[PDB]
């Protein structure tokens, strides 16, 4: 019955500055990503709410993740600060031990004109805590692969998301 939070933070960088990344990778994710990378994401569907805080959306993956799915609740969005926070409320990463995972994606500017893409994962734990580096890294790599696809597209299509 011990409740705790395990926090993991990772970053990487992009030549694309925060406004363009946020508009595409975050704000237009539901339309952009299945169009760009159908094998990753088949579709995204709002179950409830209008797009703000409290919205509940289900993401159905493509073949790359066996047409599985996740359901997310939007926790916050701070468009001027390029910050998006959401919680996993259904998915394979939940378990008896892990009741919820709360995330933040924050885009920070660098003085070279680029972005730092920061990802924070907060695992809400119950009982004994057993969190494996392998599962955390697999998560990290799935995020970055997906991000890199969107980045690829934006570089190839410089008129979109201006």
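Residue numbers count along the first chain shown, from 1.
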item	value
Mean Cα B-factor comparison, 117-125 or 56-64, giving the higher one as deposited	56-64
Greater mean Cα temperature factor according to the PDB record, 4-12 or 152-160	152-160
Residue, from 39, 105, 102, 111, that the PDB entry assigns the highest Cα B-factor	39
Third of the chain's Cα B-factor distribution that residue 70 belongs to, per the entry	lowest
